[PDB]
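Asker: Provided below: work-v8.pdb, containing PDB, C-alpha atoms and all ligand atoms.
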```pdb
ATOM      1  CA  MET A   1      -3.469  16.691   1.661
ATOM      2  CA  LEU A   2      -1.064  13.728   1.735
ATOM      3  CA  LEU A   3      -1.632  12.216  -1.701
ATOM      4  CA  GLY A   4       0.797  10.306  -3.885
ATOM      5  CA  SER A   5       1.501   7.014  -5.570
ATOM      6  CA  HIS A   6       3.820   4.087  -5.930
ATOM      7  CA  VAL A   7       7.057   5.339  -7.480
ATOM      8  CA  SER A   8      10.143   3.535  -8.699
ATOM      9  CA  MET A   9      13.153   2.885  -6.449
ATOM     10  CA  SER A  10      15.965   1.842  -8.770
ATOM     11  CA  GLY A  11      19.162   2.733 -10.579
ATOM     12  CA  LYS A  12      22.013   4.701  -9.087
ATOM     13  CA  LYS A  13      19.757   7.477  -7.763
ATOM     14  CA  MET A  14      17.416   5.205  -5.727
ATOM     15  CA  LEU A  15      15.582   7.326  -3.121
ATOM     16  CA  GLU A  16      16.653  10.556  -4.833
ATOM     17  CA  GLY A  17      14.961   9.293  -8.008
ATOM     18  CA  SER A  18      11.826   8.320  -6.080
ATOM     19  CA  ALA A  19      11.445  11.839  -4.693
ATOM     20  CA  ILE A  20      12.120  13.399  -8.107
ATOM     21  CA  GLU A  21       9.405  11.236  -9.668
ATOM     22  CA  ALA A  22       6.917  12.008  -6.884
ATOM     23  CA  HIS A  23       7.400  15.744  -7.337
ATOM     24  CA  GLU A  24       7.081  15.343 -11.117
ATOM     25  CA  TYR A  25       3.579  13.923 -10.547
ATOM     26  CA  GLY A  26       2.578  16.626  -8.069
ATOM     27  CA  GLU A  27       2.663  14.337  -5.033
ATOM     28  CA  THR A  28       3.092  15.215  -1.354
ATOM     29  CA  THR A  29       3.875  11.617  -0.306
ATOM     30  CA  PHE A  30       4.888   8.413  -2.068
ATOM     31  CA  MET A  31       5.380   4.677  -1.595
ATOM     32  CA  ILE A  32       8.423   2.616  -2.567
ATOM     33  CA  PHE A  33       9.704  -0.903  -2.501
ATOM     34  CA  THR A  34      13.297  -0.953  -1.269
ATOM     35  CA  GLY A  35      14.255  -2.859  -4.437
ATOM     36  CA  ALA A  36      12.608  -5.283  -6.838
ATOM     37  CA  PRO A  37       9.023  -6.048  -5.721
ATOM     38  CA  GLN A  38       9.364  -9.721  -6.703
ATOM     39  CA  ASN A  39      12.642 -10.634  -4.994
ATOM     40  CA  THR A  40      14.478 -10.174  -1.703
ATOM     41  CA  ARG A  41      17.824  -8.942  -3.080
ATOM     42  CA  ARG A  42      18.579  -5.528  -1.608
ATOM     43  CA  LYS A  43      21.271  -2.875  -1.815
ATOM     44  CA  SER A  44      23.117  -1.480   1.176
ATOM     45  CA  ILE A  45      21.611   1.384   3.141
ATOM     46  CA  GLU A  46      24.466   3.599   1.922
ATOM     47  CA  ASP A  47      23.548   2.788  -1.685
ATOM     48  CA  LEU A  48      19.926   3.808  -1.050
ATOM     49  CA  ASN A  49      21.080   7.452  -1.354
ATOM     50  CA  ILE A  50      18.918   8.545   1.572
ATOM     51  CA  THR A  51      20.580  11.861   2.444
ATOM     52  CA  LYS A  52      20.150  13.198  -1.086
ATOM     53  CA  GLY A  53      16.645  11.754  -1.199
ATOM     54  CA  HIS A  54      15.736  13.627   1.978
ATOM     55  CA  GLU A  55      17.198  16.825   0.493
ATOM     56  CA  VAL A  56      14.888  16.560  -2.531
ATOM     57  CA  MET A  57      11.891  15.770  -0.329
ATOM     58  CA  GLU A  58      12.573  18.869   1.781
ATOM     59  CA  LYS A  59      12.884  20.973  -1.379
ATOM     60  CA  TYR A  60       9.524  19.839  -2.767
ATOM     61  CA  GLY A  61       7.400  19.342   0.349
ATOM     62  CA  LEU A  62       7.281  15.536   0.364
ATOM     63  CA  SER A  63       6.756  13.732   3.669
ATOM     64  CA  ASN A  64       5.145  10.729   5.363
ATOM     65  CA  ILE A  65       6.494   8.234   2.866
ATOM     66  CA  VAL A  66       5.610   4.541   2.863
ATOM     67  CA  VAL A  67       7.515   1.307   2.178
ATOM     68  CA  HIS A  68       5.963  -1.881   0.754
ATOM     69  CA  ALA A  69       7.542  -5.266   1.437
ATOM     70  CA  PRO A  70       8.052  -7.575  -1.565
ATOM     71  CA  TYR A  71       5.025  -9.586  -2.677
ATOM     72  CA  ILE A  72       6.869 -12.905  -2.313
ATOM     73  CA  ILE A  73       7.137 -12.748   1.497
ATOM     74  CA  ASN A  74       4.979 -15.432   3.125
ATOM     75  CA  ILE A  75       5.418 -15.733   6.901
ATOM     76  CA  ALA A  76       2.141 -17.696   6.895
ATOM     77  CA  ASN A  77       3.889 -20.723   5.335
ATOM     78  CA  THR A  78       3.669 -23.614   7.825
ATOM     79  CA  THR A  79       5.259 -26.330   5.657
ATOM     80  CA  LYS A  80       8.494 -24.828   4.282
ATOM     81  CA  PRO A  81      10.685 -23.566   7.158
ATOM     82  CA  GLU A  82      13.040 -21.910   4.670
ATOM     83  CA  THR A  83      10.283 -19.716   3.190
ATOM     84  CA  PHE A  84       9.127 -18.721   6.666
ATOM     85  CA  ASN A  85      12.669 -18.034   7.871
ATOM     86  CA  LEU A  86      13.558 -16.008   4.773
ATOM     87  CA  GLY A  87      10.465 -13.888   5.309
ATOM     88  CA  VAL A  88      11.259 -13.270   8.968
ATOM     89  CA  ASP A  89      14.921 -12.513   8.241
ATOM     90  CA  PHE A  90      14.062 -10.205   5.350
ATOM     91  CA  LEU A  91      11.531  -8.176   7.331
ATOM     92  CA  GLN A  92      14.080  -7.634  10.103
ATOM     93  CA  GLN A  93      16.433  -6.038   7.577
ATOM     94  CA  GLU A  94      13.539  -4.210   5.904
ATOM     95  CA  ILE A  95      12.674  -2.642   9.267
ATOM     96  CA  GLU A  96      16.261  -1.394   9.561
ATOM     97  CA  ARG A  97      16.197   0.058   6.043
ATOM     98  CA  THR A  98      12.806   1.663   6.636
ATOM     99  CA  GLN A  99      13.958   3.213   9.924
ATOM    100  CA  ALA A 100      16.889   4.751   8.024
ATOM    101  CA  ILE A 101      14.645   5.918   5.175
ATOM    102  CA  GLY A 102      12.368   7.558   7.734
ATOM    103  CA  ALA A 103       9.095   5.879   6.771
ATOM    104  CA  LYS A 104       6.780   5.022   9.656
ATOM    105  CA  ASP A 105       5.199   1.878   8.154
ATOM    106  CA  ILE A 106       6.061  -1.123   5.964
ATOM    107  CA  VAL A 107       3.047  -2.467   4.069
ATOM    108  CA  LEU A 108       2.859  -6.262   4.248
ATOM    109  CA  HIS A 109       0.496  -8.727   2.661
ATOM    110  CA  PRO A 110      -0.182 -10.942   5.702
ATOM    111  CA  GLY A 111       0.439 -14.146   3.776
ATOM    112  CA  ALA A 112      -1.156 -17.173   2.154
ATOM    113  CA  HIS A 113      -1.911 -20.406   3.994
ATOM    114  CA  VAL A 114      -1.326 -22.544   0.846
ATOM    115  CA  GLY A 115      -3.465 -25.396   2.155
ATOM    116  CA  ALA A 116      -2.825 -25.298   5.903
ATOM    117  CA  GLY A 117      -6.042 -23.331   6.512
ATOM    118  CA  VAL A 118      -6.537 -19.691   7.470
ATOM    119  CA  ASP A 119      -6.174 -20.220  11.203
ATOM    120  CA  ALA A 120      -2.950 -22.243  10.909
ATOM    121  CA  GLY A 121      -1.599 -19.499   8.649
ATOM    122  CA  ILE A 122      -2.660 -16.782  11.079
ATOM    123  CA  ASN A 123      -0.925 -18.668  13.899
ATOM    124  CA  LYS A 124       2.248 -18.782  11.798
ATOM    125  CA  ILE A 125       2.032 -15.078  10.905
ATOM    126  CA  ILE A 126       1.789 -14.269  14.611
ATOM    127  CA  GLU A 127       4.846 -16.432  15.258
ATOM    128  CA  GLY A 128       6.757 -14.699  12.470
ATOM    129  CA  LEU A 129       5.832 -11.156  13.490
ATOM    130  CA  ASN A 130       6.906 -11.872  17.079
ATOM    131  CA  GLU A 131      10.370 -12.811  15.773
ATOM    132  CA  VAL A 132      10.483  -9.856  13.371
ATOM    133  CA  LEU A 133       9.634  -7.239  16.016
ATOM    134  CA  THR A 134      12.910  -7.425  17.948
ATOM    135  CA  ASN A 135      12.369  -3.901  19.441
ATOM    136  CA  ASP A 136      15.405  -2.264  17.828
ATOM    137  CA  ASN A 137      13.184   0.234  15.978
ATOM    138  CA  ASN A 138       9.906   2.153  15.818
ATOM    139  CA  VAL A 139       8.826   1.240  12.269
ATOM    140  CA  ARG A 140       5.428  -0.448  12.144
ATOM    141  CA  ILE A 141       4.210  -3.352  10.038
ATOM    142  CA  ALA A 142       1.040  -2.188   8.244
ATOM    143  CA  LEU A 143      -0.987  -5.290   7.398
ATOM    144  CA  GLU A 144      -2.830  -4.743   4.122
ATOM    145  CA  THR A 145      -6.523  -5.479   3.700
ATOM    146  CA  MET A 146      -6.603  -8.184   1.023
ATOM    147  CA  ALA A 147      -9.092  -8.980  -1.729
ATOM    148  CA  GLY A 148      -9.433 -12.672  -0.917
ATOM    149  CA  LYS A 149      -7.921 -14.353  -3.959
ATOM    150  CA  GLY A 150      -6.442 -17.813  -3.600
ATOM    151  CA  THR A 151      -5.313 -18.631  -0.066
ATOM    152  CA  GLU A 152      -4.573 -14.976   0.862
ATOM    153  CA  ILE A 153      -5.037 -14.171   4.552
ATOM    154  CA  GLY A 154      -6.515 -10.797   5.432
ATOM    155  CA  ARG A 155      -9.720 -10.593   3.367
ATOM    156  CA  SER A 156     -11.718  -9.639   6.478
ATOM    157  CA  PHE A 157     -11.125  -7.186   9.291
ATOM    158  CA  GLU A 158     -11.585 -10.046  11.784
ATOM    159  CA  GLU A 159      -8.583 -11.894  10.333
ATOM    160  CA  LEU A 160      -6.411  -8.796  10.702
ATOM    161  CA  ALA A 161      -7.683  -8.383  14.259
ATOM    162  CA  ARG A 162      -6.764 -11.973  15.119
ATOM    163  CA  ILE A 163      -3.211 -11.379  13.892
ATOM    164  CA  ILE A 164      -2.868  -8.106  15.799
ATOM    165  CA  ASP A 165      -4.239  -9.517  19.045
ATOM    166  CA  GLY A 166      -2.037 -12.590  18.665
ATOM    167  CA  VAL A 167       1.155 -10.561  18.327
ATOM    168  CA  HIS A 168       0.325  -8.425  21.382
ATOM    169  CA  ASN A 169       2.680  -5.590  20.372
ATOM    170  CA  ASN A 170       0.150  -3.041  19.241
ATOM    171  CA  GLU A 171       2.323   0.039  18.664
ATOM    172  CA  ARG A 172       4.382  -1.924  16.116
ATOM    173  CA  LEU A 173       1.325  -2.922  14.049
ATOM    174  CA  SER A 174      -1.058  -0.962  11.873
ATOM    175  CA  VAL A 175      -3.355  -1.546   8.902
ATOM    176  CA  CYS A 176      -3.118  -0.469   5.272
ATOM    177  CA  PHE A 177      -6.659   0.073   3.945
ATOM    178  CA  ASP A 178      -6.835  -0.598   0.187
ATOM    179  CA  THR A 179     -10.064   0.551  -1.455
ATOM    180  CA  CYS A 180      -9.904  -2.006  -4.272
ATOM    181  CA  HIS A 181      -9.215  -4.905  -1.908
ATOM    182  CA  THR A 182     -11.966  -4.114   0.586
ATOM    183  CA  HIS A 183     -14.454  -3.573  -2.253
ATOM    184  CA  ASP A 184     -13.388  -6.835  -3.913
ATOM    185  CA  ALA A 185     -13.636  -8.667  -0.582
ATOM    186  CA  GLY A 186     -17.279  -7.509  -0.298
ATOM    187  CA  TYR A 187     -17.222  -4.339   1.857
ATOM    188  CA  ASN A 188     -19.569  -1.602   0.633
ATOM    189  CA  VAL A 189     -16.983   1.152   0.364
ATOM    190  CA  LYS A 190     -18.844   2.549  -2.669
ATOM    191  CA  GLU A 191     -22.203   3.250  -1.000
ATOM    192  CA  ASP A 192     -21.667   2.856   2.761
ATOM    193  CA  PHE A 193     -18.046   3.781   3.491
ATOM    194  CA  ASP A 194     -18.884   5.303   6.861
ATOM    195  CA  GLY A 195     -20.594   2.020   7.745
ATOM    196  CA  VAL A 196     -17.454   0.114   6.760
ATOM    197  CA  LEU A 197     -15.401   2.405   9.013
ATOM    198  CA  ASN A 198     -17.860   1.853  11.879
ATOM    199  CA  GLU A 199     -17.335  -1.902  11.515
ATOM    200  CA  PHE A 200     -13.584  -1.360  11.317
ATOM    201  CA  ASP A 201     -13.670   0.747  14.506
ATOM    202  CA  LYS A 202     -15.509  -2.053  16.324
ATOM    203  CA  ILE A 203     -13.107  -4.800  15.214
ATOM    204  CA  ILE A 204      -9.716  -3.046  14.969
ATOM    205  CA  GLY A 205      -9.947   0.704  15.517
ATOM    206  CA  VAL A 206      -9.864   3.267  12.708
ATOM    207  CA  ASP A 207      -6.948   4.996  14.466
ATOM    208  CA  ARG A 208      -4.823   1.988  13.439
ATOM    209  CA  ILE A 209      -5.188   2.734   9.707
ATOM    210  CA  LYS A 210      -1.847   4.367   8.895
ATOM    211  CA  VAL A 211      -1.738   3.941   5.092
ATOM    212  CA  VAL A 212      -4.562   4.172   2.550
ATOM    213  CA  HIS A 213      -4.232   2.714  -0.950
ATOM    214  CA  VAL A 214      -6.554   4.496  -3.377
ATOM    215  CA  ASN A 215      -7.575   2.221  -6.260
ATOM    216  CA  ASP A 216     -10.683   1.700  -8.340
ATOM    217  CA  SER A 217     -11.608  -1.874  -9.274
ATOM    218  CA  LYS A 218     -12.220  -3.667 -12.565
ATOM    219  CA  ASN A 219     -14.854  -5.811 -10.849
ATOM    220  CA  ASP A 220     -18.079  -5.532  -8.893
ATOM    221  CA  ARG A 221     -18.246  -5.761  -5.123
ATOM    222  CA  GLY A 222     -17.321  -9.124  -3.610
ATOM    223  CA  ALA A 223     -15.668 -10.592  -6.715
ATOM    224  CA  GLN A 224     -12.303 -11.088  -4.944
ATOM    225  CA  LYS A 225     -10.205 -10.492  -8.088
ATOM    226  CA  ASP A 226      -7.689  -7.749  -7.119
ATOM    227  CA  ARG A 227      -7.543  -6.037 -10.520
ATOM    228  CA  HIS A 228      -6.962  -2.307 -10.070
ATOM    229  CA  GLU A 229      -8.590   0.318 -12.277
ATOM    230  CA  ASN A 230      -7.929   4.004 -12.813
ATOM    231  CA  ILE A 231      -9.803   6.378 -10.531
ATOM    232  CA  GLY A 232     -13.431   6.644 -11.624
ATOM    233  CA  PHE A 233     -13.257   4.132 -14.496
ATOM    234  CA  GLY A 234     -14.167   1.093 -12.390
ATOM    235  CA  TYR A 235     -16.939  -0.156 -10.140
ATOM    236  CA  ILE A 236     -16.187   2.004  -7.095
ATOM    237  CA  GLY A 237     -16.400   5.241  -9.089
ATOM    238  CA  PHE A 238     -15.068   8.743  -8.615
ATOM    239  CA  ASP A 239     -17.691  10.029  -6.162
ATOM    240  CA  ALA A 240     -16.861   7.244  -3.696
ATOM    241  CA  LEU A 241     -13.087   7.404  -4.150
ATOM    242  CA  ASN A 242     -13.024  11.196  -3.836
ATOM    243  CA  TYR A 243     -15.069  10.930  -0.636
ATOM    244  CA  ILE A 244     -12.578   8.438   0.799
ATOM    245  CA  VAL A 245      -9.525  10.488  -0.236
ATOM    246  CA  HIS A 246     -10.865  13.632   1.494
ATOM    247  CA  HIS A 247     -12.396  11.826   4.495
ATOM    248  CA  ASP A 248     -11.628  13.387   7.867
ATOM    249  CA  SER A 249     -10.768  10.000   9.373
ATOM    250  CA  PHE A 250      -7.750   9.851   7.038
ATOM    251  CA  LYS A 251      -6.409  13.338   7.754
ATOM    252  CA  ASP A 252      -2.601  13.193   8.080
ATOM    253  CA  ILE A 253      -2.623   9.582   6.777
ATOM    254  CA  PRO A 254      -0.821   9.036   3.436
ATOM    255  CA  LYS A 255      -3.095   8.129   0.519
ATOM    256  CA  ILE A 256      -1.261   6.181  -2.203
ATOM    257  CA  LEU A 257      -2.487   5.519  -5.738
ATOM    258  CA  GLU A 258      -1.646   2.088  -7.184
ATOM    259  CA  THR A 259      -3.651   2.418 -10.385
ATOM    260  CA  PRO A 260      -2.593   0.889 -13.718
ATOM    261  CA  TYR A 261      -0.613   2.553 -16.456
ATOM    262  CA  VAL A 262      -2.601   3.534 -19.542
ATOM    263  CA  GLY A 263      -1.929   2.742 -23.181
ATOM    264  CA  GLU A 264      -2.796   0.586 -26.177
ATOM    265  CA  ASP A 265       0.638  -1.026 -26.615
ATOM    266  CA  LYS A 266       2.683  -2.305 -23.692
ATOM    267  CA  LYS A 267       5.609  -0.341 -25.159
ATOM    268  CA  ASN A 268       3.698   2.933 -24.771
ATOM    269  CA  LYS A 269       2.195   2.618 -21.296
ATOM    270  CA  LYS A 270       2.234   5.876 -19.319
ATOM    271  CA  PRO A 271       1.671   6.592 -15.617
ATOM    272  CA  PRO A 272      -1.744   8.051 -14.697
ATOM    273  CA  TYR A 273      -0.812   9.538 -11.328
ATOM    274  CA  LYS A 274      -0.214  13.181 -12.228
ATOM    275  CA  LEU A 275      -3.638  13.500 -13.862
ATOM    276  CA  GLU A 276      -5.463  11.355 -11.296
ATOM    277  CA  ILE A 277      -4.080  13.527  -8.494
ATOM    278  CA  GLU A 278      -5.213  16.705 -10.278
ATOM    279  CA  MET A 279      -8.658  15.139 -10.683
ATOM    280  CA  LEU A 280      -8.888  14.243  -7.000
ATOM    281  CA  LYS A 281      -7.633  17.649  -5.855
ATOM    282  CA  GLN A 282     -10.214  19.428  -8.029
ATOM    283  CA  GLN A 283     -12.903  16.962  -6.822
ATOM    284  CA  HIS A 284     -14.382  16.597 -10.318
ATOM    285  CA  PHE A 285     -14.292  13.535 -12.565
ATOM    286  CA  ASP A 286     -12.703  13.854 -16.026
ATOM    287  CA  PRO A 287     -14.002  11.202 -18.466
ATOM    288  CA  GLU A 288     -11.132  12.039 -20.848
ATOM    289  CA  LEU A 289      -8.473  11.148 -18.271
ATOM    290  CA  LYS A 290      -7.253   8.004 -20.045
ATOM    291  CA  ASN A 291      -7.036   9.734 -23.420
ATOM    292  CA  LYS A 292      -5.190  12.646 -21.788
ATOM    293  CA  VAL A 293      -2.684  10.342 -20.064
ATOM    294  CA  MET A 294      -1.772   8.971 -23.504
ATOM    295  CA  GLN A 295      -1.030  12.533 -24.664
ATOM    296  CA  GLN A 296       1.451  13.657 -21.993
TER     297      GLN A 296
HETATM  298 CL    CL A 301      -4.126  14.388   4.559
HETATM  299 CL    CL A 302      12.553  -3.965  15.562
HETATM  300 CL    CL A 303     -20.312  -2.958  -7.416
HETATM  301 FE    FE A 304       0.041  -4.361  -1.540
HETATM  302 FE    FE A 305      -2.574  -2.011  -2.161
HETATM  303 ZN    ZN A 306      -4.242  -5.074  -5.259
END
```
Can the structure in the file be given as C-alpha cells, please?
Ligand SMILES: [Cl-]
Ligand SMILES: [Cl-]
Ligand SMILES: [Cl-]
Ligand SMILES: [Fe+3]
Ligand SMILES: [Fe+3]
Ligand SMILES: [Zn+2]
Answerer:
Amino acid sequence: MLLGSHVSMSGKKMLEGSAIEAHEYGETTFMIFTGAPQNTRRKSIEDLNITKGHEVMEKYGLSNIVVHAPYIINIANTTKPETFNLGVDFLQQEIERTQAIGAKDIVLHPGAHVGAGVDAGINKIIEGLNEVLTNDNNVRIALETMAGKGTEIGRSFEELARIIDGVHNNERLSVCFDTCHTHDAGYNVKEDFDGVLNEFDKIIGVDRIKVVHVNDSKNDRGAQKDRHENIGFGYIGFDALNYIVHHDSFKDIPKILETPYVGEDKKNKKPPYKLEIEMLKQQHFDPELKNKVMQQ
C-alpha cells in the first residue's frame, strides 16, 4: 500500500527531513515541493541532501515519491512572454532536480488562460511542454485534474487529453487524479467511481494515472471550489475515499493526502495525516478523528 501525504521540504535537512516526517506519520510514500510552493527560488541539487534522504527512505521503507511544481507556474499564459518563459525554464530545472531526487513524476497544474480562452491556453501549454521536454531525462509531467475555479485549464478529462495529444510525447506525460478536484468539477467519484474510470479509460487511459491525490471536499459535487476536507468529514465521504484508496486500478500508484490541518487557533494547527492513514489502513471511519488530531 503506497500511501502518504504532502510533507515539508525545507531547512538544512531538506529531503532528509521530508523522509523523517513521512516515517513519523506512518507513510510509505510522500510528495514534496522542491522549495517554497509559491515561488521559483530553488537550492542547488547538492543542498537538497538527497543521499542522506535516500538513506532514511531505505531505512523506513519509503519509495515512489512525488514532486509537485510550484502553484505559480503558468505555461498557458499567452500574453506575458516572461511568465511563459519563466515557467518553461523552471520546469526544465525541476525535471533535472526530480531526476536526481528519483521521483518518477512532477505534478503540474496545467495552467490558467486568464482571458485568452481555454483552447488558446491549451495551445500554449502544448507549446511550453514541447520546449520543457528536451529529452535529457525520464521524469514525467503529471498533469493534475483541476476543480474548475477561475480560468484553470484541466477541469475535464477531454482538456487533459487535448494537451497530451498535442504534445505527442506520451511517455513523458501522465495524469495526477485528485479526488477533491474531480468531485468538485462534477465527476461522480462518490457514487460511480468505476464509471468515472471507464470514462477516463475512453478519453485518456487509466494506465496513465501515475499519482493519486486523496482529499475529501468541503463542497457538493460540481461546485468547482477546490476546498479540501479531512477524509470522511466532507461530501465525498469515507466509504468512497476508502474504496478509491484500495482500488485495484491504483495498485503500485502513490496515493497522497493533501487534507487540511486541524485546530481551533491557527497557532495550534496539527497535521492529520498519521491518523487519517491509520483510518484508511483499518478501513473504518473514526468520527473522533479531528478531536484526536488535536490531542497528539
Ligand atoms: Cl499501492
Ligand atoms: Cl528532459
Ligand atoms: Cl455531493
Ligand atoms: Fe496540486
Ligand atoms: Fe491535488
Ligand atoms: Zn486542490
Asker: As a check of understanding, name the residues that the PyMOL selection byres (((not hetatm)) within 10 of (chain A and resi 304)) selects in the supplied structure, as a list in words.
Answerer: residues 68, 69, 70, 71, 107, 108, 109, 110, 143, 144, 145, 146, 176, 177, 178, 181, 213 and 258 of chain A
Asker: Return as a list in words every polymer residue, whether protein, DNA or RNA, with at least one atom no more than 9 Å from an atom of ligand CL 303 (chain A); count all atoms listed in the file.
Answerer: residues 183, 184, 186, 188, 190, 217, 219, 220, 221, 222, 223, 234, 235 and 236 of chain A
Asker: Go ahead and save the residues from that selection, with C-alpha atoms, as a PDB file, in the frame of the given file.
Answerer:
```pdb
ATOM      1  CA  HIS A 183     -14.454  -3.573  -2.253  1.00  0.00           C
ATOM      2  CA  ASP A 184     -13.388  -6.835  -3.913  1.00  0.00           C
ATOM      3  CA  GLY A 186     -17.279  -7.509  -0.298  1.00  0.00           C
ATOM      4  CA  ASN A 188     -19.569  -1.602   0.633  1.00  0.00           C
ATOM      5  CA  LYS A 190     -18.844   2.549  -2.669  1.00  0.00           C
ATOM      6  CA  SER A 217     -11.608  -1.874  -9.274  1.00  0.00           C
ATOM      7  CA  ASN A 219     -14.854  -5.811 -10.849  1.00  0.00           C
ATOM      8  CA  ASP A 220     -18.079  -5.532  -8.893  1.00  0.00           C
ATOM      9  CA  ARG A 221     -18.246  -5.761  -5.123  1.00  0.00           C
ATOM     10  CA  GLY A 222     -17.321  -9.124  -3.610  1.00  0.00           C
ATOM     11  CA  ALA A 223     -15.668 -10.592  -6.715  1.00  0.00           C
ATOM     12  CA  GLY A 234     -14.167   1.093 -12.390  1.00  0.00           C
ATOM     13  CA  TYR A 235     -16.939  -0.156 -10.140  1.00  0.00           C
ATOM     14  CA  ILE A 236     -16.187   2.004  -7.095  1.00  0.00           C
TER      15      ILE A 236
END
```
Asker: Residues picked by the PyMOL selection byres (((not hetatm)) within 7 of (chain A and resi 306)) here, as an mmCIF file with C-alpha atoms, keeping the file's coordinate frame?
Answerer:
```cif
data_model
loop_
_atom_site.group_PDB
_atom_site.id
_atom_site.type_symbol
_atom_site.label_atom_id
_atom_site.label_comp_id
_atom_site.auth_asym_id
_atom_site.auth_seq_id
_atom_site.Cartn_x
_atom_site.Cartn_y
_atom_site.Cartn_z
ATOM 1 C CA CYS A 180 -9.904 -2.006 -4.272
ATOM 2 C CA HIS A 181 -9.215 -4.905 -1.908
ATOM 3 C CA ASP A 226 -7.689 -7.749 -7.119
ATOM 4 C CA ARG A 227 -7.543 -6.037 -10.520
ATOM 5 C CA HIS A 228 -6.962 -2.307 -10.070
#
```
Asker: Could you pull out the residues sitting within 6 Å of ligand CL 302 (chain A), using only C-alpha atoms and all ligand atoms, and write them as a list in words?
Answerer: residues 133, 134, 135, 136 and 137 of chain A
Asker: Taking only C-alpha atoms into account, name the residue in A:19, A:125, A:204, A:88 that is nearest to residue 163 of chain A.
Answerer: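 Of the candidates, the smallest distance to residue 163 of chain A is held by A:125.
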Asker: Report as AutoDock Vina command-line options the centre and the edge lengths, in Å to one decimal, of the axis-aligned box holding every listed atom of segment 87-96 of chain A, padded by 4 Å on each side.
Answerer:
```
--center_x 13.4 --center_y -7.6 --center_z 7.7 --size_x 14.0 --size_y 20.5 --size_z 12.8
```
Asker: Which one is closest to ligand FE 305 (chain A): A:91, A:36, A:73, A:66? Count only C-alpha atoms and all ligand atoms.
Answerer: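 Result for the nearest residue to ligand FE 305 (chain A): A:66.
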Asker: Determine the residue membership of the PyMOL selection byres (((chain A and resi 207) around 12) and not hetatm) for the file above and supply it as a PDB file with C-alpha atoms, keeping the file's coordinate frame.
Answerer:
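Everything below was put into expr_7.pdb:
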```pdb
ATOM      1  CA  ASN A 170       0.150  -3.041  19.241  1.00  0.00           C
ATOM      2  CA  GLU A 171       2.323   0.039  18.664  1.00  0.00           C
ATOM      3  CA  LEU A 173       1.325  -2.922  14.049  1.00  0.00           C
ATOM      4  CA  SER A 174      -1.058  -0.962  11.873  1.00  0.00           C
ATOM      5  CA  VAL A 175      -3.355  -1.546   8.902  1.00  0.00           C
ATOM      6  CA  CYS A 176      -3.118  -0.469   5.272  1.00  0.00           C
ATOM      7  CA  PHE A 177      -6.659   0.073   3.945  1.00  0.00           C
ATOM      8  CA  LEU A 197     -15.401   2.405   9.013  1.00  0.00           C
ATOM      9  CA  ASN A 198     -17.860   1.853  11.879  1.00  0.00           C
ATOM     10  CA  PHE A 200     -13.584  -1.360  11.317  1.00  0.00           C
ATOM     11  CA  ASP A 201     -13.670   0.747  14.506  1.00  0.00           C
ATOM     12  CA  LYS A 202     -15.509  -2.053  16.324  1.00  0.00           C
ATOM     13  CA  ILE A 203     -13.107  -4.800  15.214  1.00  0.00           C
ATOM     14  CA  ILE A 204      -9.716  -3.046  14.969  1.00  0.00           C
ATOM     15  CA  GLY A 205      -9.947   0.704  15.517  1.00  0.00           C
ATOM     16  CA  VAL A 206      -9.864   3.267  12.708  1.00  0.00           C
ATOM     17  CA  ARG A 208      -4.823   1.988  13.439  1.00  0.00           C
ATOM     18  CA  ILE A 209      -5.188   2.734   9.707  1.00  0.00           C
ATOM     19  CA  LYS A 210      -1.847   4.367   8.895  1.00  0.00           C
ATOM     20  CA  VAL A 211      -1.738   3.941   5.092  1.00  0.00           C
ATOM     21  CA  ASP A 248     -11.628  13.387   7.867  1.00  0.00           C
ATOM     22  CA  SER A 249     -10.768  10.000   9.373  1.00  0.00           C
ATOM     23  CA  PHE A 250      -7.750   9.851   7.038  1.00  0.00           C
ATOM     24  CA  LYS A 251      -6.409  13.338   7.754  1.00  0.00           C
ATOM     25  CA  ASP A 252      -2.601  13.193   8.080  1.00  0.00           C
ATOM     26  CA  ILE A 253      -2.623   9.582   6.777  1.00  0.00           C
TER      27      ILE A 253
END
```
Asker: One number please: atom CA of residue 34 of chain A to atom CA of residue 53 of chain A, in Å, one decimal.
Answerer: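 So the answer is 13.1 Å.
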Asker: Rounded to one decimal in Å, what is the spacing between atom CA of residue 52 of chain A and atom CA of residue 15 of chain A?
Answerer: 7.7 Å
Asker: Tell me which of A:242, A:159, A:1, A:164 sits closest to residue 189 of chain A, counting all atoms listed in the file.
Answerer: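 Using all atoms listed in the file, residue 189 of chain A sits closest to A:242.
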Asker: To one decimal place, how far is atom CA of residue 266 of chain A from atom CA of residue 294 of chain A in Å?
Answerer: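 Taking atom CA of residue 266 of chain A as the start and atom CA of residue 294 of chain A as the end point, the length is 12.1 Å.
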Asker: Looking at A:124, A:28, A:179, A:246, which one is nearest to residue 80 of chain A, with distances taken over all atoms listed in the file?
Answerer: A:124
Asker: Between A:79, A:230, A:40, A:64, which residue has the minimum interatomic distance to ligand CL 301 (chain A), considering all atoms listed in the file?
Answerer: A:64
